[PDB]
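Below is one structure; the comments refer to it alone.
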Amino acid sequence: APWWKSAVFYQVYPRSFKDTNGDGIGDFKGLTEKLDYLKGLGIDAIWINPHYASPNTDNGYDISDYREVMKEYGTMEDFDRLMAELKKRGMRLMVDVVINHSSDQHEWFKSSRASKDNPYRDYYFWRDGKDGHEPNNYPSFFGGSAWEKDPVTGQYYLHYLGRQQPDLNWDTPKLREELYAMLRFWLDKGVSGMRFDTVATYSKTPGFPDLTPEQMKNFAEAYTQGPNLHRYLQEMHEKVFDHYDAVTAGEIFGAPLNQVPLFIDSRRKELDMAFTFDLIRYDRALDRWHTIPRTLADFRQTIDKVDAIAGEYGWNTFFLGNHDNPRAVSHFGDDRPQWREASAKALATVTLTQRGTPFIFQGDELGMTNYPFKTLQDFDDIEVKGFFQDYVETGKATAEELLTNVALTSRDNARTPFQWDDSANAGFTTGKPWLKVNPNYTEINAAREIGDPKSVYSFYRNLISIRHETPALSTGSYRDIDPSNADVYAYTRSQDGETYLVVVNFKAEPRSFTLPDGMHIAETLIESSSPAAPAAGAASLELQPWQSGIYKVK
Ligand SMILES: [Ca+2]
């Protein structure tokens with residue numbers, strides 16, 4: 001089994017991790033200075049968000065030169081030093097790869113847009129408008145049409161994401177070759193992994209027909225149905241990843257779950273691991289800014305479906321948080337002051353006992369929460385400006401309705417600065433932070449958590465040790481004990497004759513749990529929020545509100 005199947009990854013959003021020069025923005029020196037912190041937590045590998053030259057209309061996801069580092073993060077020597085310090089500690093780097101689209105400030109795009117006849121014209125998608133308007137009805141994730149007119153040629157260019165993020169044209173062989181050369185530039189430096197942003201949208205539909213009214217309400221899914229998608233992923237593997245030893249993982253956003261095996265079945269020679277969004281978006285409405293109430297039965301049934309698509313030859317990541325989603329404890333747990341620590345531990349237990357490679361998002365090991373936004377001016381999020389354009393300016397919603405609802409879903413909840421201690425701005429910066437620090441940093445910070453054996457951080461650290469010592473808990477089979485139960489989540493992990501039971505109360509009330517007939521507790525590995533372990537031989541358990549536990553059975 002490869003190293004990445006048993007590894008524990010941590011995701012660093014460098015903009016918000018640690019600033020070392022007072023400009024309010026996190027940087028490479030900051031990340032490098034905190035490597036001992038991450039080593040001591042027990043992290044094997046870090047995934048960093050984009051670190052390349054960028055105008056930052058979308059905080060690194062609009063890249064203007066793929067072979068230079070972002071000015072705010074440091075220099076190429078700072079990147080090289082990050083790499084060297086990771087290696088000293090036996091840790092690996094995964095970088096973010098953003099090749100569905102570039103910045104409109106990339107030299108390819110400046111050349112492409114200049115005339116119709118130039119060698120870069122087909123690096124992007126340029127099309128004539130139809131019947132007085134855009135080439136078709138495609139919407140953009142970030143507001144308005146996915147087509148933007150350029151008066152120089154009178155044609156429109158495609159952008160699924162922001163106006164400043166034109167889509168790259170994978171149908172053009174010279175363009176594919178340029179992307180492959182660029183990937184080699186980074187892999188030659190020794191990076192150990194690559195995470196592919198919106199990997200399912202690379203192939204565009206020939207002819208760009210209109211979306212149907214059905215497709216229009218779920219456009220994210222129509223954009224994943226390009227006919228050449230797997231041909232491109234296979235060619236990238238053959239020309240690039242076959243020559244290296246790096247792991248690959250795809251952000252498969254918008255794809256129907258039954259198509260996921262095409263990306264990750266190891267026999268297909270495409271990607272190694274999947275990030276899927278069925279679970280993290282399980283309670284999101286189609287418009288992406290409302291929430292729909294769900295129960296633990298929905299949570300566990302979604303997991304069971306995602307596990308089944310990995311089958312025998314594929315592999316899943318597991319995550320409860322990332323830079324595009326609200327905080328795990330607020331979203332899946334209960335972030336009220338009395339339940340925040342109990343429920344954040346319960347979610348740690350879930351995260352670290354799933355079948356797949358877990359990714360811990362920066363700050364979740366502290367039990368960091370959603371941010372108390374007060375006005376729409378408190379959001380940096382360009383996705384929020386897009387909802388304002390699509391919903392407030394059009395009269396569909398008031399500003400107060402947008403505010404109330406996006407406060408719960410906005411990705412800026414995940415982007416507030418990491419809370420290091422209780423000094424000014426939580427020790428993130430000596431200057432003014434680019435996004436405000438959550439005021440609860442006085443109660444939620446790394447310095448106070450590390451020093452307390454009973455903290456959320458200590459629980460994460462202890463779980464990571466246990467997982468490392470117990471192979472069933474990464475590579476073992478997974479079986480949900482009762483998918484209909486909406487109160488208590490329970491499942492087994494087994495490998496090579498060893499079976500482990502995981503039991504997690506999702507109610508803020510006491511609950512009982514009866515083990516399957518014949519199964520008995522043999523040993524308790526760890527519990528959260530419990531006054532007493534069960535007795536060896538127990539056929540049932542009494543659970544405190546939000547209690548979690550791992551037990552060896554038989
Ligand atoms: Ca800085």
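Labels used: A, B, ... for chains in the order of the structure tokens, numbers from 1 for residues in each chain, and numbers from 1 for ligands as shown.
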Query - Contacts of segment 102-113 of chain A within 12 Å, only C-alpha atoms, excl. fewer than 3 positions in-chain, as a VMD selection string - result: chain A and resid 52 to 68 97 to 99 116 to 127 148 to 169 174 to 175 178 to 179 197
Report task. Just the residues within 8 Å of residue 370 of chain A, please, counting only C-alpha atoms, with nothing from its chain fewer than 2 positions along; format it as a VMD selection string. Result -> chain A and resid 326 to 327 330 368 372 408 413 to 414
Include C-alpha atoms and write out the residues we just selected as a PDB file, in the first residue's frame.
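Once everything was written out, this is out-v5.pdb:
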ATOM      1  CA  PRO A 326     -17.733  26.969   6.183  1.00  0.00           C
ATOM      2  CA  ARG A 327     -16.028  25.671   9.362  1.00  0.00           C
ATOM      3  CA  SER A 330     -20.122  25.145  12.858  1.00  0.00           C
ATOM      4  CA  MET A 368     -12.088  27.296  15.172  1.00  0.00           C
ATOM      5  CA  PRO A 372     -19.682  36.638  13.186  1.00  0.00           C
ATOM      6  CA  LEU A 408     -23.641  30.351   7.187  1.00  0.00           C
ATOM      7  CA  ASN A 413     -15.653  31.563   7.349  1.00  0.00           C
ATOM      8  CA  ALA A 414     -12.625  29.277   6.601  1.00  0.00           C
TER       9      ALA A 414
END
What parts of segment 174-408 of chain A does DSSP call strand (DSSP E)? I'd like the answer as a PDB file with C-alpha atoms, in the first residue's frame.
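And here is the file that came out, result_28.pdb:
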ATOM      1  CA  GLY A 193       1.941  15.648  -4.670  1.00  0.00           C
ATOM      2  CA  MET A 194      -0.360  17.735  -6.846  1.00  0.00           C
ATOM      3  CA  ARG A 195      -3.972  18.638  -6.155  1.00  0.00           C
ATOM      4  CA  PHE A 196      -5.920  19.594  -9.306  1.00  0.00           C
ATOM      5  CA  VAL A 247       0.695  11.408  -5.722  1.00  0.00           C
ATOM      6  CA  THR A 248      -2.221  13.089  -7.600  1.00  0.00           C
ATOM      7  CA  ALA A 249      -5.606  14.119  -6.196  1.00  0.00           C
ATOM      8  CA  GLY A 250      -8.494  15.757  -8.030  1.00  0.00           C
ATOM      9  CA  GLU A 251     -11.041  18.338  -6.834  1.00  0.00           C
ATOM     10  CA  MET A 273      -7.210  10.046  -4.971  1.00  0.00           C
ATOM     11  CA  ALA A 274     -10.557  11.888  -5.095  1.00  0.00           C
ATOM     12  CA  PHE A 275     -11.845  14.920  -3.305  1.00  0.00           C
ATOM     13  CA  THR A 317      -9.618  11.536   0.540  1.00  0.00           C
ATOM     14  CA  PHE A 318     -11.717  12.380   3.588  1.00  0.00           C
ATOM     15  CA  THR A 357      -6.593   9.787   3.309  1.00  0.00           C
ATOM     16  CA  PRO A 358      -7.706  12.423   5.797  1.00  0.00           C
ATOM     17  CA  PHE A 359      -7.079  16.119   5.261  1.00  0.00           C
ATOM     18  CA  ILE A 360      -7.247  18.332   8.354  1.00  0.00           C
ATOM     19  CA  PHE A 361      -8.005  21.996   7.434  1.00  0.00           C
TER      20      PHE A 361
END
Requested in this report: Report as a list in words which protein, DNA and RNA residues come within 6 Å of ligand 1, using only C-alpha atoms and all ligand atoms.
Outcome: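 Going residue by residue within 6 Å of ligand 1, we get residues 19, 20, 21, 22, 23, 24, 25, 26 and 27 of chain A.
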Selection export as a PDB file, in the first residue's frame, atoms kept: N, CA, C and O atoms:
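In the end it all went to out.pdb:
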ATOM      1  N   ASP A  19       1.875  35.405   9.128  1.00  0.00           N
ATOM      2  CA  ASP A  19       2.545  36.570   8.525  1.00  0.00           C
ATOM      3  C   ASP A  19       3.829  36.860   9.325  1.00  0.00           C
ATOM      4  O   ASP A  19       3.792  36.878  10.555  1.00  0.00           O
ATOM      5  N   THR A  20       4.936  37.113   8.629  1.00  0.00           N
ATOM      6  CA  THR A  20       6.196  37.426   9.309  1.00  0.00           C
ATOM      7  C   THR A  20       6.777  38.798   8.921  1.00  0.00           C
ATOM      8  O   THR A  20       7.940  39.097   9.242  1.00  0.00           O
ATOM      9  N   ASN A  21       6.006  39.630   8.239  1.00  0.00           N
ATOM     10  CA  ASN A  21       6.536  40.951   7.870  1.00  0.00           C
ATOM     11  C   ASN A  21       5.556  42.121   7.974  1.00  0.00           C
ATOM     12  O   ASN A  21       5.731  43.125   7.315  1.00  0.00           O
ATOM     13  N   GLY A  22       4.505  41.961   8.761  1.00  0.00           N
ATOM     14  CA  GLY A  22       3.570  43.041   9.041  1.00  0.00           C
ATOM     15  C   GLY A  22       2.622  43.545   7.960  1.00  0.00           C
ATOM     16  O   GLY A  22       1.933  44.540   8.187  1.00  0.00           O
ATOM     17  N   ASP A  23       2.546  42.886   6.799  1.00  0.00           N
ATOM     18  CA  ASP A  23       1.619  43.361   5.772  1.00  0.00           C
ATOM     19  C   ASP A  23       0.193  42.790   5.903  1.00  0.00           C
ATOM     20  O   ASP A  23      -0.677  43.091   5.092  1.00  0.00           O
ATOM     21  N   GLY A  24      -0.048  42.017   6.950  1.00  0.00           N
ATOM     22  CA  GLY A  24      -1.373  41.420   7.184  1.00  0.00           C
ATOM     23  C   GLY A  24      -1.683  40.146   6.377  1.00  0.00           C
ATOM     24  O   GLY A  24      -2.804  39.607   6.465  1.00  0.00           O
ATOM     25  N   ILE A  25      -0.703  39.666   5.608  1.00  0.00           N
ATOM     26  CA  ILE A  25      -0.898  38.485   4.727  1.00  0.00           C
ATOM     27  C   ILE A  25       0.123  37.404   5.112  1.00  0.00           C
ATOM     28  O   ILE A  25       1.332  37.676   5.240  1.00  0.00           O
ATOM     29  N   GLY A  26      -0.338  36.165   5.265  1.00  0.00           N
ATOM     30  CA  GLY A  26       0.577  35.054   5.587  1.00  0.00           C
ATOM     31  C   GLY A  26       1.563  34.770   4.469  1.00  0.00           C
ATOM     32  O   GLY A  26       1.320  35.126   3.329  1.00  0.00           O
ATOM     33  N   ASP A  27       2.685  34.120   4.779  1.00  0.00           N
ATOM     34  CA  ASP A  27       3.762  33.983   3.795  1.00  0.00           C
ATOM     35  C   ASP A  27       4.565  32.700   4.010  1.00  0.00           C
ATOM     36  O   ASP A  27       4.324  31.961   4.975  1.00  0.00           O
TER      37      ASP A  27
END
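Among the candidate residues A:510, A:90, A:395, A:427, the one lying nearest to residue 192 of chain A is A:90, with distances computed using only C-alpha atoms.
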Query raised in the report: If we count only C-alpha atoms, what is near residue 219 of chain A at a cut-off of 12 Å, once residues fewer than 2 positions away on the same chain are taken out, given as a ChimeraX atom specification?
Result: /A:137-141,145-146,160,201,210-217,221-225,253-255,286-288
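When atom CA of residue 278 of chain A is paired with atom CA of residue 298 of chain A, their separation reads 10.6 Å.
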For segment 60-98 of chain A versus segment 37-45 of chain A, which residues have an atom no more than 6 Å away, and what is each residue's nearest atom pair and distance in Å rounded to one decimal, using only C-alpha atoms, chain-then-number order, as CSV?
residue,atom,partner,partner_atom,distance
A:91,CA,A:44,CA,5.3
A:92,CA,A:45,CA,4.6
A:93,CA,A:45,CA,5.9
Query raised in the report: Looking only at the backbone, which of the residues in segment 119-368 of chain A does DSSP tag as alpha helix (DSSP H), as a ChimeraX atom specification?
Result: /A:173-187,213-217,219-222,229-239,261-264,296-310,328-332,340-351
Query - Selection near residue 468 of chain A, 12 Å with only C-alpha atoms, sequence-local residues under 2 positions removed, as a PyMOL selection string - result: chain A and resi 3+5-8+42-44+352-353+461-466+470-475
The selected residues should be written to file as a PDB file, in the first residue's frame (atoms: N, CA and C atoms).
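Heads up, here's the output in part15.pdb:
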ATOM      1  N   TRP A   3       2.515   5.087   0.500  1.00  0.00           N
ATOM      2  CA  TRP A   3       2.610   5.985   1.661  1.00  0.00           C
ATOM      3  C   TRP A   3       1.394   6.904   1.800  1.00  0.00           C
ATOM      4  N   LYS A   5      -1.763   6.377   1.173  1.00  0.00           N
ATOM      5  CA  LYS A   5      -2.977   5.745   1.718  1.00  0.00           C
ATOM      6  C   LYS A   5      -3.023   5.721   3.252  1.00  0.00           C
ATOM      7  N   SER A   6      -1.867   5.769   3.898  1.00  0.00           N
ATOM      8  CA  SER A   6      -1.814   5.721   5.351  1.00  0.00           C
ATOM      9  C   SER A   6      -1.367   7.078   5.952  1.00  0.00           C
ATOM     10  N   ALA A   7      -1.099   8.063   5.100  1.00  0.00           N
ATOM     11  CA  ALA A   7      -0.675   9.411   5.555  1.00  0.00           C
ATOM     12  C   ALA A   7      -1.827  10.281   6.113  1.00  0.00           C
ATOM     13  N   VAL A   8      -1.475  11.212   7.013  1.00  0.00           N
ATOM     14  CA  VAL A   8      -2.390  12.255   7.482  1.00  0.00           C
ATOM     15  C   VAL A   8      -1.899  13.585   6.924  1.00  0.00           C
ATOM     16  N   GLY A  42       1.620  15.698  14.363  1.00  0.00           N
ATOM     17  CA  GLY A  42       1.762  14.359  13.787  1.00  0.00           C
ATOM     18  C   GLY A  42       1.457  14.322  12.285  1.00  0.00           C
ATOM     19  N   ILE A  43       1.485  15.486  11.637  1.00  0.00           N
ATOM     20  CA  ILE A  43       1.203  15.623  10.192  1.00  0.00           C
ATOM     21  C   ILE A  43       2.333  15.038   9.347  1.00  0.00           C
ATOM     22  N   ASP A  44       1.968  14.224   8.348  1.00  0.00           N
ATOM     23  CA  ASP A  44       2.917  13.605   7.412  1.00  0.00           C
ATOM     24  C   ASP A  44       3.159  14.440   6.151  1.00  0.00           C
ATOM     25  N   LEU A 352     -10.643  10.970  11.462  1.00  0.00           N
ATOM     26  CA  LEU A 352      -9.443  10.174  11.537  1.00  0.00           C
ATOM     27  C   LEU A 352      -9.740   8.690  11.550  1.00  0.00           C
ATOM     28  N   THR A 353     -11.006   8.290  11.408  1.00  0.00           N
ATOM     29  CA  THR A 353     -11.297   6.840  11.300  1.00  0.00           C
ATOM     30  C   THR A 353     -12.035   6.441  10.027  1.00  0.00           C
ATOM     31  N   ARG A 461      -4.169  15.236  18.352  1.00  0.00           N
ATOM     32  CA  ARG A 461      -2.816  14.662  18.419  1.00  0.00           C
ATOM     33  C   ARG A 461      -2.846  13.205  18.862  1.00  0.00           C
ATOM     34  N   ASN A 462      -3.616  12.929  19.911  1.00  0.00           N
ATOM     35  CA  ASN A 462      -3.769  11.557  20.378  1.00  0.00           C
ATOM     36  C   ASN A 462      -4.396  10.614  19.343  1.00  0.00           C
ATOM     37  N   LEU A 463      -5.433  11.078  18.623  1.00  0.00           N
ATOM     38  CA  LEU A 463      -6.068  10.285  17.553  1.00  0.00           C
ATOM     39  C   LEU A 463      -5.111   9.959  16.408  1.00  0.00           C
ATOM     40  N   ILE A 464      -4.303  10.955  16.037  1.00  0.00           N
ATOM     41  CA  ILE A 464      -3.306  10.776  14.988  1.00  0.00           C
ATOM     42  C   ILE A 464      -2.268   9.701  15.378  1.00  0.00           C
ATOM     43  N   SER A 465      -1.850   9.650  16.652  1.00  0.00           N
ATOM     44  CA  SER A 465      -0.919   8.610  17.125  1.00  0.00           C
ATOM     45  C   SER A 465      -1.542   7.239  17.007  1.00  0.00           C
ATOM     46  N   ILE A 466      -2.789   7.131  17.466  1.00  0.00           N
ATOM     47  CA  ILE A 466      -3.538   5.881  17.435  1.00  0.00           C
ATOM     48  C   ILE A 466      -3.725   5.373  16.015  1.00  0.00           C
ATOM     49  N   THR A 470      -2.358   1.832  14.135  1.00  0.00           N
ATOM     50  CA  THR A 470      -3.442   0.860  13.885  1.00  0.00           C
ATOM     51  C   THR A 470      -3.797   0.805  12.386  1.00  0.00           C
ATOM     52  N   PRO A 471      -3.224  -0.159  11.621  1.00  0.00           N
ATOM     53  CA  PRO A 471      -3.446  -0.166  10.152  1.00  0.00           C
ATOM     54  C   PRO A 471      -4.922  -0.298   9.726  1.00  0.00           C
ATOM     55  N   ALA A 472      -5.743  -1.029  10.495  1.00  0.00           N
ATOM     56  CA  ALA A 472      -7.170  -1.120  10.158  1.00  0.00           C
ATOM     57  C   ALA A 472      -7.816   0.279  10.001  1.00  0.00           C
ATOM     58  N   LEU A 473      -7.344   1.269  10.768  1.00  0.00           N
ATOM     59  CA  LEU A 473      -7.968   2.598  10.749  1.00  0.00           C
ATOM     60  C   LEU A 473      -7.633   3.482   9.539  1.00  0.00           C
ATOM     61  N   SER A 474      -6.661   3.087   8.717  1.00  0.00           N
ATOM     62  CA  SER A 474      -6.534   3.746   7.398  1.00  0.00           C
ATOM     63  C   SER A 474      -7.008   2.853   6.266  1.00  0.00           C
ATOM     64  N   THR A 475      -6.355   1.710   6.095  1.00  0.00           N
ATOM     65  CA  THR A 475      -6.622   0.827   4.963  1.00  0.00           C
ATOM     66  C   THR A 475      -7.641  -0.279   5.182  1.00  0.00           C
TER      67      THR A 475
END
Query raised in the report: Can you tell me, as a ChimeraX atom specification, what residues are no more than 8 Å from residue 486 of chain A when counting only C-alpha atoms, ignoring any on the same chain fewer than 2 positions away?
Result: /A:295-297,484,488-489
Polymer residues at most 12 Å from residue 490 of chain A, only C-alpha atoms, same-chain spacing of 2 or more positions, as a tab-separated table (two decimals) with N, CA, C and O atoms, in the first residue's frame:
chain	number	residue	atom	x	y	z
A	296	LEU	N	-28.27	13.15	10.61
A	296	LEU	CA	-27.19	12.17	10.61
A	296	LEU	C	-27.47	10.99	9.64
A	296	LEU	O	-26.54	10.47	9.01
A	297	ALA	N	-28.72	10.58	9.49
A	297	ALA	CA	-29.04	9.53	8.50
A	297	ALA	C	-28.56	9.93	7.07
A	297	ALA	O	-27.97	9.10	6.36
A	300	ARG	N	-24.50	9.93	7.09
A	300	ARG	CA	-23.91	8.59	7.02
A	300	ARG	C	-24.21	7.85	5.69
A	300	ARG	O	-23.35	7.12	5.15
A	301	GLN	N	-25.41	8.06	5.15
A	301	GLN	CA	-25.77	7.43	3.87
A	301	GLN	C	-24.90	7.95	2.71
A	301	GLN	O	-24.50	7.18	1.83
A	304	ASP	N	-21.43	6.34	2.96
A	304	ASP	CA	-21.51	4.94	2.56
A	304	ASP	C	-21.47	4.88	1.04
A	304	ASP	O	-20.77	4.07	0.49
A	349	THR	N	-12.73	12.46	15.67
A	349	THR	CA	-12.84	11.00	15.68
A	349	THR	C	-13.34	10.46	14.34
A	349	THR	O	-12.74	9.52	13.81
A	350	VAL	N	-14.43	11.04	13.84
A	350	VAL	CA	-14.96	10.69	12.51
A	350	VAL	C	-13.88	10.87	11.42
A	350	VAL	O	-13.59	9.92	10.70
A	353	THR	N	-11.01	8.29	11.41
A	353	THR	CA	-11.30	6.84	11.30
A	353	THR	C	-12.04	6.44	10.03
A	353	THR	O	-12.56	5.34	9.94
A	354	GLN	N	-12.07	7.32	9.04
A	354	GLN	CA	-12.70	7.01	7.75
A	354	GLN	C	-11.74	6.27	6.83
A	354	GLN	O	-10.52	6.37	6.95
A	478	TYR	N	-14.63	-0.84	5.55
A	478	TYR	CA	-15.56	0.06	6.24
A	478	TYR	C	-16.96	-0.52	6.18
A	478	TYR	O	-17.44	-0.93	5.11
A	479	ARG	N	-17.64	-0.57	7.32
A	479	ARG	CA	-19.02	-1.04	7.31
A	479	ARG	C	-19.85	-0.25	8.29
A	479	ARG	O	-19.55	-0.23	9.48
A	480	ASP	N	-20.91	0.39	7.78
A	480	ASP	CA	-21.82	1.15	8.62
A	480	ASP	C	-22.77	0.15	9.27
A	480	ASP	O	-23.41	-0.66	8.58
A	481	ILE	N	-22.87	0.21	10.60
A	481	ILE	CA	-23.66	-0.74	11.39
A	481	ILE	C	-25.17	-0.55	11.22
A	481	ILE	O	-25.93	-1.52	11.23
A	482	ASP	N	-25.62	0.68	11.05
A	482	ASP	CA	-27.03	0.90	10.75
A	482	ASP	C	-27.24	2.25	10.07
A	482	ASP	O	-27.34	3.29	10.74
A	483	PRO	N	-27.31	2.24	8.72
A	483	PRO	CA	-27.46	3.50	7.98
A	483	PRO	C	-28.75	4.31	8.28
A	483	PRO	O	-28.76	5.52	7.97
A	484	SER	N	-29.80	3.71	8.86
A	484	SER	CA	-31.05	4.45	9.12
A	484	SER	C	-31.02	5.29	10.42
A	484	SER	O	-31.85	6.18	10.59
A	485	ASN	N	-30.09	4.99	11.31
A	485	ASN	CA	-30.03	5.63	12.64
A	485	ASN	C	-29.63	7.12	12.51
A	485	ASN	O	-28.60	7.42	11.93
A	486	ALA	N	-30.46	8.01	13.03
A	486	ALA	CA	-30.24	9.44	12.94
A	486	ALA	C	-29.69	10.06	14.22
A	486	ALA	O	-29.62	11.26	14.32
A	487	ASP	N	-29.27	9.25	15.18
A	487	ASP	CA	-28.81	9.74	16.49
A	487	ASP	C	-27.33	9.41	16.73
A	487	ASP	O	-26.55	10.26	17.13
A	488	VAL	N	-26.98	8.14	16.51
A	488	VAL	CA	-25.66	7.59	16.87
A	488	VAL	C	-25.02	6.97	15.64
A	488	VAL	O	-25.61	6.09	15.00
A	492	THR	N	-17.58	-0.19	11.70
A	492	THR	CA	-16.40	-0.98	12.01
A	492	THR	C	-15.35	-0.75	10.94
A	492	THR	O	-15.70	-0.44	9.80
A	493	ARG	N	-14.08	-0.89	11.35
A	493	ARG	CA	-12.93	-0.94	10.45
A	493	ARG	C	-12.20	-2.27	10.71
A	493	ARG	O	-11.84	-2.57	11.86
A	500	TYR	N	-12.24	-2.99	14.64
A	500	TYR	CA	-12.35	-1.82	15.51
A	500	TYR	C	-13.74	-1.25	15.28
A	500	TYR	O	-14.19	-1.19	14.15
A	501	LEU	N	-14.40	-0.87	16.37
A	501	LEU	CA	-15.71	-0.23	16.38
A	501	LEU	C	-15.61	1.29	16.69
A	501	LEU	O	-14.94	1.68	17.65
A	502	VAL	N	-16.29	2.14	15.93
A	502	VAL	CA	-16.27	3.57	16.19
A	502	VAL	C	-17.70	3.96	16.50
A	502	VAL	O	-18.61	3.54	15.78
A	503	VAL	N	-17.91	4.71	17.60
A	503	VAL	CA	-19.26	5.09	18.02
A	503	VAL	C	-19.27	6.56	18.41
A	503	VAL	O	-18.50	7.01	19.29
A	504	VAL	N	-20.13	7.32	17.72
A	504	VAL	CA	-20.17	8.78	17.85
A	504	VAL	C	-21.63	9.27	18.04
A	504	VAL	O	-22.43	9.16	17.12
A	505	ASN	N	-21.97	9.76	19.23
A	505	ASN	CA	-23.27	10.37	19.47
A	505	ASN	C	-23.34	11.76	18.81
A	505	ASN	O	-22.55	12.65	19.14
A	506	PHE	N	-24.26	11.94	17.87
A	506	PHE	CA	-24.47	13.27	17.25
A	506	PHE	C	-25.58	14.11	17.90
A	506	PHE	O	-25.96	15.13	17.35
A	512	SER	N	-28.21	5.52	24.17
A	512	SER	CA	-27.61	4.21	24.30
A	512	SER	C	-27.23	3.67	22.94
A	512	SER	O	-27.75	4.12	21.89
A	513	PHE	N	-26.33	2.70	22.96
A	513	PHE	CA	-25.95	2.01	21.76
A	513	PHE	C	-25.79	0.53	22.05
A	513	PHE	O	-25.04	0.15	22.94
A	514	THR	N	-26.50	-0.29	21.28
A	514	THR	CA	-26.35	-1.74	21.37
A	514	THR	C	-25.49	-2.26	20.23
A	514	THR	O	-25.80	-2.02	19.05
A	515	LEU	N	-24.42	-2.98	20.58
A	515	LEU	CA	-23.54	-3.63	19.62
A	515	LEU	C	-24.27	-4.70	18.82
A	515	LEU	O	-25.24	-5.28	19.32
A	516	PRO	N	-23.82	-4.97	17.57
A	516	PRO	CA	-24.37	-6.10	16.81
A	516	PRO	C	-24.30	-7.40	17.63
A	516	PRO	O	-23.37	-7.59	18.43
A	541	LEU	N	-23.42	0.28	25.15
A	541	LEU	CA	-22.73	1.46	25.70
A	541	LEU	C	-23.74	2.52	26.08
A	541	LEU	O	-24.77	2.66	25.42
A	547	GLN	N	-20.54	12.27	22.85
A	547	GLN	CA	-19.44	11.36	23.18
A	547	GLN	C	-18.92	10.68	21.91
A	547	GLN	O	-19.73	10.29	21.05
A	548	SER	N	-17.61	10.50	21.79
A	548	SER	CA	-17.11	9.59	20.74
A	548	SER	C	-16.15	8.56	21.31
A	548	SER	O	-15.58	8.76	22.41
A	549	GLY	N	-15.96	7.45	20.59
A	549	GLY	CA	-15.00	6.45	21.05
A	549	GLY	C	-14.50	5.53	19.95
A	549	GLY	O	-15.22	5.31	18.97
A	550	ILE	N	-13.27	5.03	20.12
A	550	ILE	CA	-12.74	3.92	19.30
A	550	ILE	C	-12.46	2.69	20.20
A	550	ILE	O	-11.74	2.82	21.20
A	551	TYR	N	-13.00	1.52	19.82
A	551	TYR	CA	-12.88	0.26	20.60
A	551	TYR	C	-12.39	-0.90	19.73
A	551	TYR	O	-12.85	-1.05	18.59
Report task. Could you check which of A:369, A:316, A:291, A:343 is closest to residue 404 of chain A, using only C-alpha atoms? Result ->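 For residue 404 of chain A, the nearest of the candidates is A:291.
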Report task. Quote the spacing between atom CA of residue 419 of chain A and atom CA of residue 88 of chain A in Å to one decimal place. Result -> 26.0 Å
Requested in this report: May I ask which of the residues A:552, A:267, A:520, A:243 is the closest one to residue 537 of chain A, counting only C-alpha atoms?
Outcome: A:520
Report task. Give the answer as one residue: which of A:446, A:46, A:236, A:403 has the shortest atom-to-atom distance to residue 11 of chain A, using only C-alpha atoms? Result -> A:46
Requested in this report: Between A:230, A:436, A:284, A:448, single out the one closest to residue 377 of chain A, counting only C-alpha atoms.
Outcome: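 Among A:230, A:436, A:284, A:448, it is A:436 that comes nearest to residue 377 of chain A.
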